[PDB]
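S.K.: Okay, here's the structure, questions in a sec.
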Amino acid sequence: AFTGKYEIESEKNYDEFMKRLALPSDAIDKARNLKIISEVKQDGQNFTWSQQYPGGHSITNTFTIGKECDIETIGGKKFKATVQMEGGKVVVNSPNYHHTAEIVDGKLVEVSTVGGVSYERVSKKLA
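Taking the authors' numbering, I'd label the letters of the sequence shown as residues 1 to 127.
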């Protein structure tokens with residue numbers, strides 16, 4: 001039930017996640033809260049997701065419910081994944097990039113996780 005604009009206003013664990021994720025120090029330090037606008041669109045059961053740092057970099061993805069998709073989150077780490085959806089909550093699972101998203105209380109809740117360290121994150125809606 002995404003289909004809308006979203007703003008991201010907080011994350012939790014950009015030091016432990018990033019240590020393992022593997023970014024150089026300057027990138028880690030600025031990421032602390034380089035703010036991001038997020039947005040999603042859907043056709044029938046084909047989702048089109050989009051997170052955008054104002055900076056040149058962006059994390060755009062596109063995937064189907066059920067069936068199968070591929071992800072390339074930060075860079076040089078293409079994955080394969082069988083997105084599924086259960087309740088009003090999408091999940092995705094990858095060799096080393098679990099991810100999920102959720103709608104509750106007219107808000108968008110979201111996570112990313114890597115077999116040990118999690119990176120819960122939350123977002124506002126604006127459409």
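The beta carbon of each residue, even a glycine, is placed where N, CA and C say it ideally should be.
Below 7 angstroms CB to CB, which residues in the same chain sit around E11 once its five sequence neighbours on both sides are set aside?
M.R.: The residues are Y119 and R121.
S.K.: Which of the three DSSP states, helix, strand or coil, is assigned to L34?
M.R.: In this structure, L34 counts as coil in the three-state DSSP scheme.
S.K.: Is the beta carbon of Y97 less than 8 angstroms from the beta carbon of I59?
M.R.: No, Cβ-Cβ distance for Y97 and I59 is not below 8 angstroms.
S.K.: Rounded to whole angstroms, what's the CA-CA distance from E68 to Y14? Just pull it up for me.
M.R.: About 29 angstroms.
S.K.: Mind pulling the beta strand (DSSP E) runs of 3 or more residues that sit fully within the segment 38–102?
M.R.: Those beta strand (DSSP E) runs which fall completely within the segment 38–102 and span 3+ residues are 46–52, 58–64, 69–72, 78–81 and 89–92.
S.K.: Please name the residue in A22, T64, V90 and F47 whose C-alpha comes closest to that of residue 129.
M.R.: Summary: the structure shown does not reach residue 129, with the chain confined to residues 1 through 127, and so no result is reported for it.
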